[PDB]
Every structure is written in structure tokens, then in C-alpha cells.
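Subsequent text provides C-alpha cells for two forms of one protein chain, presented individually as structure 1 and structure 2.
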Structure 1
């Protein structure tokens, strides 16, 4: 008879300090712990509720120069709680200490205190143990008040064999031999922090280190065979840590910061205070083999994790309904920091693309407000999504533009200073921002309702009429305070207008030839132009496209196709606009063009539409052919030029543009004749391998080199190529082997499943594999995880028939408690519903447009 019936812990028993002793055995794969937690009670009680999950509690006692007594233990596994019953009611305000002894098995998933393995370059299997606790898995490693507002200090001790190294949040202060072959490591006490930030790793990692100008020792740890790839991340971390310390004027408060590359890791990285963790591919850099995309990705990932030391660790959201205060800010700070520390990366131009990814899900009924209630672990994991990360960063960027960078920076500094070592709510951020303007009323419209507005512009002479309405595919009365911006043919000053009502008007000083709203796409909204608007802007792009900025051109491309879905613009007119790209040069507008047009043939690929699919792909290649032909088969140029080269050559080869295929075939044959020892330009390797893997001999040869590669980029490039074969038996093998995790690690499975889901002949196999192996995949990755969401959407969200829709509805319906209520399931259902309507309306229009298409 359990005495607590709520998922949320009681509020009146509060921890102050934890002493954690962990003794793990990396041979038996078990661990023992003793947890002592200093607590004080706000009000008298005789029961203490806390979290524990899959931990066998052997004994629990309560300690008051005096006194100690036993506690009865009850468990409620579904609430993931245990209850400790005291003989006497606890006394208010007096310090107690709860001592719990327990045992567990190392987790075989990617969360909790889990097993990771790797093979030495000689073939020896090695075992390590690592942690991943965010959001609710600390309770799988020690019993705790496992909610992020129950902050405390942590003194961690690790018992281990002499052959192993242990690291944790804080520096090692002492090692004591306790028994024959057993050493006890004492780490220094942490600052006050949430339980999800606790971390420890038992490994044989090696490290390299560098000291910041502020005296912080920064280290990168990795397996011995890969530590020579740590130099780039080490240098970036020192630079970025120094940047944030100087930017926030709040020092990093710990003596050291570690970045650890874990051989098995579910996400990309995690911000544990003093001991940040990473997938090997997100941290390690090979100067000969790593891609430009990889260098960018490592830099931004490190910038994200180090931003979290302030936005997340120092200041933490009070509850997961406001996770965006962690994740939106860390995502935004990636661009603030890296635009200064690595200007050659030009990260600023990539930002708006995240906003368009957020708008993809946020246009659906099944989106949710940035701030929204959650209760159980699955729901909490679902908050780590494009709304929290990307919409969060996008509305912060919009607010920064509205307030000015200086007022925004003063706001976030006051916010961080005032709430240091505490927790914040949505409202606390607005109050800090206003202390520098009714920010609260405005930002409440952007955080407490889902979606975004369509802004409709109607011009009569000098009179510019504006209307807002909720953009939904494909009428709730939603209203926003929208900080509009515009430029005109007569003024490229960024003009501002705060639209607070359904309609409003502004008067231009003189008539203009065109007007363009949402300058640089810094606003989280889309724009429709009535009357001759889209013709006028289409003419601008086709005549003098440089009359507006690259990012303004990308915004026009994106918005035109979004307006097709709600019937405000014909597919023919949006496709007509896209034709200006034949004269475009810039990565962002070209990338945006690809990102609007590729998804159209991805729908056709899953239909009996080979004729139009082939003509559409030939149109795409012809549209970009001049740019394709100018690409050199080298690694020259900027990061943007290199990413553009790699993507264009891949596109051209996969769609059988013969000049590219023939050159890629030659490089692959030479690479194979060299026994895989030939150094190819990294930027052409995706295309070369993707062509090579189309034959059985080439696929088999590529796979044979995957075993021995120490390069994350090369393994990623091989994986992509292997997933592109039309040989169904090979596709099935990849699914089976990465599912098993021996020949290909299970951390790659979600990406392999999705790539095969996008394969024009493999997509039935991937959806089938997901259905057949659902229960084991959920057990490995967890309901609500981003990984499960990626697998659900990546195998299903390009279907466009009523028969496929019912397959999806019927399958997930049948799962009941094991998945039927997933948000990603409702999102993919609504996406397929929109695909059905969009294809039913537009397919014949596209077919005719392509035939008429003599412009090319």
C-alpha cells in the first residue's frame, strides 16, 4: 500500500548534499552503492519519498554526536519511487541523513550507468562504464530526489581496479587502496546542481589538456587509438570557454572541464558539469579525413555543451515544461559564440535553416507550445525536440533583434546573475528582459501557444495593410505580438512595425516598386503578398536577385512553397519562382532550393510515378547544371564552398548525371585498385562511395574497409553509401547487423534505418523492420526519445497514400501503452495526411508544368 500517489515528488522533504559511493565491476557488469543524502524537512512528516529505478535496495537507515535508526522500504516501480517509513515523525528544520545501500546491473541501454565497448586496433574487446542521466535516469544509478529543482552538492567516490581510470564532475583529490586490487577515488564536492548533471566514467581513456587564460584545465579524453584526433576539439573548447567567460562576465566555477568521447552514446553530446560527453563522431577530428561538415559540427557541438555550463547547469529550468530555457538558449548561443571565435565558419548564415525546420513540425496541429505541461519520463524526453531547440533559439533571435543585442545581452546577464545555482520559469526570463517594453505579453504569445502566423501584406499606393492569422496545414483565433521588419525598392534600412492586432496599416513615405517583409528571416513567421506581390518579387529574383540578400532569397523560396500547402499560391507559381536559381550562386539559397524540391521527388519515389519522378529529377539537375559543372573535384575553398561541392556532386551522381557518374566511377575503381589506400578528396568521397556501392563487388569492398577505419567521417560516408544500394539483401543485412550491434554499432541503427527508409527501393524494408522489432528498439532507445521519433518519422513521413496512412494508424494504435500516444506518431500521421492532400492536388499540375517546362 504505497503512501504517495503522485509522479511528482513531495515538495516538503528537501536534499542538501549527497555522498555517493559507487563500486562497479566491469567483468560481472554489476555495481554496488551507498547513498547518504543530507536532508531537512519544511514540515513534519514520517515518510520520505524519492526516486529509484531498477535498483535493489538492501537496507535503508535514518541518522539524526548521536543516533541512527532503520527505515522500512516500499517500492512503486511504475512511479519509479521508493518510500522510506520512519518510526518517529520527522522533525521540521532539523538536519537528517538518509543512508541507502543498494545494488544494480550495469545498464545495457544508452542511459543510466551503462556499459560501453570497443575493439583495440589488434582485435581485443575492451569494456568501460559511463553515465547518461538527463532527463530522468540518475535514479537508475543512485536513489535521489530526481527532479531538477532539488539541487544539491555531490561528493562522489568511485571504487575501481588499478588498471582503470575514473573521472567525474570534479577533480580527483585522493586515491586510497582499500583492498587488494581495489582503489577508492575521491572527487571534490560539486557546486549545487541538479541530479541529471552527475557523471562518472570508468575506462582506459587517454587525454590531452590545455589551460585557459582563467586557469581552467581543459582536457579531451578518448580511447588510446583515437586520442591523436582530440587536438581540434581541445583548442575549440579552450577558445569557446574563454569566450563565454568573457561574454557573460560570470566565470566558469570549476577547476577543470573534461570532454570525453564515449564509444557508445545515444545522442550527440551531454553537458554534465565538468565532464561533458560526446559521441566519438561529434568530438574527434582527423585532419586528413574529416569533412568540412564535421569540423563545423564539432565546433558547434562544443559551443552548445559549453553554453550549457551557464544555460542549464548554473541556471536550470524549474521543471521540464520549461526545458526550452536550457535548450533554446544553448542552441542560440552556438551562433553567438562561434560567429566570434570561428568567423571563417560564417555560422550566422546557417541559422535561419533551423527556423524552417521548426516550422515544418510547428505548422501541424500536433505541435505543442514551447512551454507546455509534461509529467512522465516519456513525455519529458519528447520535449527534446525541434520546438525546444530550434523554435526556442529562433524566437530568442527574433527577440534579440527586437530589443537590440545590447539590451538583450544585459537581460541575459542579469538573468544568469540573479538565478545562479537556482531554477527559473518562463516568467523569470521575461521579468529579467523587461528590467532593462512589455516583453512578457509579447513573448507569452510566442511561448504559450503553438504555431506561427501567416502575415498577409496588401499594398494600395503608399498604404501597406497587414493581417495576421494562424498558419496551419493544410481558425483558432491565435494572436501574436509580431515584430515585423521590411525593406523596399527605395530603402534598404530595416524598418520595424509591431503588429499586435489582427490587422493594422502603415503608410510609406513614397510609393515603391516592391516591399519585402521579414528581413534576413529573423522573424518566426511567414509572409504572403496579395495582388501582384509574388509576381513582383519573382521578377526581382529573376532580374536583379542581388537586390535582396542571400537569406532574403532563401526566405522567399521557402515561403512560396509553404503558401502552396494552404492554397495561397499555385504550385506552378512557386515552381516558376524557383527557376531563378539557375543564376544563383550562394550556398543558402541553393541549399534552400534543394530542401524545397527534393522532398517532392521523395514523395514520388514511394508511388507508381516513375515517369514524373524521372522528369522532376532531370529538371532539378538541369536547374543547377551550371553550378554542378563549375564544381572542382578537390577540397578547396571555404567550409560553405566545400559543403556545397560535396552535396552537388552527390546529388548529380545519385541521379545519374553522366559526367559526374563517370568521374566518380573512375575514382572508385582507383580507390579499390589501391586496396583502399588512396587518399581521395574528402569533398568528393560521398559521391564516389555512393556510386561504388551500387555493385556487389564495390559494396563488399566498402564494407570490408569499415571494420578498420578510425575516422568518423569515413565510416559515416561508408554507411551512407552502403545504405544507397538497390540490393535488398544487403539493405536487410545492414538493418540486422546494426540492430545486433557487433559488426556495426547499435548507436548507428537509427541513422541506418532512416537512410534505408529514404532509399527509393529500400523504404518498405525499413518500415517493416521498425514494425517487426518495435519492442526491442523501444527497450534500447526509450519511448519519447529523439531516436525513436527519428525512426518513426524517417520510415513513414514520406508516404502519401490512404493505404499507407492506415498502416501507420493501425500499427501504432495496436501498441496501446507501448507507443500509441507518442507525439511523433500523431505528427507523422498528420504529415502523411498532408502528403495525401498535397499530392492529390499538385501531382498532375507538376506533371504538366514539367512538360510545358521548356525554359529548363
Structure 2
């Protein structure tokens, strides 16, 4: 009558160190294991519960001192648990060692300890064994207390044919012959760590290596054919590793960082401590058959997995309910690190895009708070990255840097709740109470700004396409100073006084805050006038912020379409990628609707306007398949936009390129050839006004 019935393991028995021996046969796809887990009870008990999944356990025994009683083994496979029953109850404080011998088949499902395969350039098929334990698949490789807060140290021993090479979290300490044609690799004992980060690969990979200034041996491992494709990742890893050491003010905790390009990898990449694993796409760069657009994905993934080597692995979440923070921060560090290490890649453009996308989904009533209870690549992580960025810009960058450093130093090799980050952050503003508003309640606020002279009035309310209330960390700038000012809106309304009256004031500086800002009275006109007059006054992101917001407000009926379209008219002058994309994302769907309706003579004037608006930009765009990794996407979209739209210099050079390709994607071109209640309302309110507008 299985003696435990909670999903979570009992907290009164704690592992301290594991001795893992894994002998895995890659020919017969079978592995045998012995697991010695040293433990202590904080409370008397004759029952040890631990996790095990698809493992045939032969014998299990409990050592103390020096005795050695056998243990009765009970299985509850549906809960992925097993119980060990001890003849006598364990004494509190006394160390005991549990030894479990077991066998298992390598998984075919790309989870746990699994078989992956690859055909070499010279035809032969070769097998490799690899791990993926996040979140709960270490229990498929060896029985354990497989929850991330039961941290312990791992001595891993892998047995393989001389044919093969074994790598794991720590460096190889010694290789010894344990039998006829059986080598035993002895890996150095890990620092205290979580079970889900434990990794080992049994393979035939070759590799390349580079030392960091710090003295850390960084290596990328790949199948022998593609190991020449690893040079980019390696150089990136070292730079980022060096960057993070500096940022976190904590040396890389382990002695070596290995990156591995696992062939049939079904996750994207995993942050196994000391042995990060990636899909080949995400790490290797083929000089021929892959675009310079791949390099973004490699750098950013490395950035993410390396970030975890401190934030996630050195300091781990107590439970999966704070996975959002872990990943949010990794994602956020992608943006922070790469923008400094590989500035030429232009990660900024990618980041805010995803924040916008997060907002689009977060505005829907279906949305869920970021911080959910869990009792067992995603937008919640994206949101987490945004709110983290919002926080960082509110405090200084340096303040935020200090908070992370203190946090990491304080909780090293321990676990934490998300509140612990906010507490660290709040001691380098009630950060805890603030961030709770953003993590415990869904969506985000509309900030309504009303100016009377020097008195700047702030209202907040939940934005919806509830009685919700945030601690909004507002930042703003005025016509007077380019200096960023801060105001913490803890209440539904508040006011702040300026020293002197201003022509315009702009909230949500650099688009960094997870919220939208509306301006009552002539405030939008002030800002419309600012952009028309001198648009570089505010940043590119500010402009994008204004256009997005402007048109988004038109949707919820707090702004007349004309006022938004009037703002759009600034785009004549716009050079940068982020605003134009916002212009297009909001203007394009307008005419796409108008096509479906048979009042298609205004359609034509709209398209004329759209093309006349972007005309100047359409020209300056030179016809290469190569530039700033997103700037390419601008070229692509602009050129496509210009034709179908029958721009004359599109169809002057555009078909001259087609006759040059006549001398010696394909669905798109072969289709764009000339051979509902939300809508009904939109056009019902918006058609006439847009016509009356266009006319002028």
C-alpha cells in the first residue's frame, strides 16, 4: 500500500553525495547501473522515498557505519517514485548510504539517457548515448531525489568501449581498465548541484578547445564531420563566459565548460552544468549551407545556456514554480550580454519585438499570471525577461548588477524563491512588493497621463482588448531635459510636479517598461508635433513605442484613428528598423481588410499613401541578401511591399533581376499574381474617418 502519496518527495530525508556508476551498451541499447547515495534523516523514519522511472532495480541495501541490511523495494511507477523500507528506523543526524543496483534500456524518446544516431560522411552508422534530465528525467538514468532543491554532489563513473569517449559535468580524473574491452571513466566529484543539471555523453565526438583569460578550458564537441563548423560557437562561448564572470562578479564555478552538438537533439539547448548540450542547428555554423542569420541563434543560445551556469545552476530555484524567473533571466541576459559582446548582431531589435508579442498575448483575457503554482520557449519567460528589463532600467544598470551579484554570492550552491531575488535587489524601493504586482497578476496597465501646467497627473488601469493594481516603475523624459526621471506609481492615481512647464512629456522611456501610455487632452498632438518636427529628439525605440501605443489605443477606442494616422505621417522621415516595422504591422492590416470590402477606391488611395510614406526609405534600400541581421528583414519586407503595390522602380530593377535569372517562396510569387465581428466594427467606426482623413 505504497507508503507515500504526495508529488513532492518528503523533506525529512536529504541526500548529500551520490556515487554513480553507469555502464551503457550502445550496441544492445542497454545500461546497468549502481547508485550509492549518501543520506541523513532530519527525523526518524524507516521509509526512504526517492524517484525512479523505467528502471529494473535488482537489489537495494542500506549501509551504516559497519553494517549492511537489505531494503525491501516498492514501486509506484505512475508517480515515478520508489520506496525503500529499512528494517529499523534511521537515526537522526547519522549518515547512511543507500546502494541501489539497477538495469534499464536507453530511451528512444530523447529524454533521460537516450540513444541518438548519425551517419558519417563515409557512409557508416554510429551510435552515441546522451542525457537530458530537465525537468524530471534524471530518474530515468539513476534513482534519486529528483527535485531541484535536493542538491548534492555527484561522483560519476562511466564504463565504455575504448572505441568511445565519455564526457560529463566535471573533468575526467582517470580512465581505468575494469574488464576485457571495458574502460571505466572516473569523473571528478561535482560541486553541490541539482539532479536535473547532471549530464553525461557516451560518444565518438572529436572536439576543439580554447582557454579563457580566467584559465577555464572551454570546448565544443561535435561529430567528426561537422567539427570544423564549431569554431564560431567556441569563440562566442569564451567571450560570453568572460563577460559573465565580469558581470556576475563570480568566477565560473566549475573548472571547464564543454558545449556539445547532439545530433537528434529534441530540446533546443540545455544548460547542464559544465556540459551544455545543443541541437546542431543551434551551435554549429556551416560556412556554406547556413546564413549569417544562423549566427544570431548560436550566439544567443550560448548566451542563454552560459547565463544559467551562474543563474540557475549556481543558484537554483527551490521548485519549478519559479522556472519562469530562471528562464526569463537567461533570456534577459541573452539581450544584455550579446548587445555587449557581439554588438554587430543587433539583439536589441529582437528583444523588444518579443516583449510586444508577449504584450499582445498578455492583453487577452485568456492570459495567465507569470508566476503560477506548479503541482507536477514560451511567452511567460518572454514576459519575465521584459519585466526584468523594466526593473533594470528603473534602478540603475549598476544597481541591478549589484543586486544580482549579492543574490548570487548569498545563495551560492543553495536554492531560492523568486522573492529572494527581489530582496537582494531591494538592498543594493520595495522591490519585493513591486515585482509581486507584475508576477502574481496577469496582464499589464494602461498609464493615462494628464498635464495641468507643471502638475503631471498619472492614472493606472488594467488594459484589456478586475480591480487590478500595479506598482508601476515609471520613467519619463520632457522637452526640457534628456535626463531620465523616475516615479513609482503605487496607487490608482498620483501626481508629480515639474520645476517648470514643458512642451511635451514622454513616459515609458526607451520602450523599456512593460506597459502602454495614453495622453489625455492635446498630449498626443504635442508628441505628434514633436515627431513631425524633430523625431531624433526621442530614440528609435521611443518612436516605435509611440506608434505601437498610438494605434493600440485606437483599437480600444481611447483615440481617434485620425490622431494615430496623423502620427503615422512622421514615418516619411523614419530611417530605423523598429518604428517602420510598427508602422507596417498596424497600417498593413488596415488595407488588407479594405481589399475584402468592395469600396476599393479608397483602398487605392491608402496604398498610395502607404507607398508615398515609405517611398524615400524604399529607395535607399540596396539589393543585397546581406546586412544587419534584422535590417535584411526590412529590405525583404519593403521590397516585397513596393511590389505587389506596383512601385515603378520595384518593377524596373525587380524584373531586370528576373530576366537575368531567366538566363539559366516559389509559392508566394506564383500566387501573388492577378490572373469578423471585430472587423465589422473596426470598418464601421473607421472607414468614413479614414476616407475623410485620406481626402485631406
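Definition used throughout: the rigid core is the maximal C-alpha set that superposes within 1.5 Å between two forms. Residue numbers count along the first chain shown, from 1.
The residue among 177, 658, 414, 228 whose Cα moves by 2 angstroms or more between structures 1 and 2, once the core is superposed, is 658. Here residue 200 does not count as shifted, since its C-alpha moves by less than 2 Å between structures 1 and 2 after the core is aligned. Comparing the forms between structures 1 and 2, the C-alpha position of residue 77 differs by less than 2 angstroms, with the core used for superposition. If you fit the rigid core between structures 1 and 2, you'll see the Cα of residue 589 move by 2 angstroms or more. After superposing on the rigid core, the C-alpha of residue 841 is displaced by 11.1 Å between structures 1 and 2.
The two forms, fitted on their core, place the C-alpha of residue 354 1.3 Å apart, compared between structures 1 and 2. For residue 93, the CA shift between structures 1 and 2 after superposing the rigid core equals 0.3 Å.
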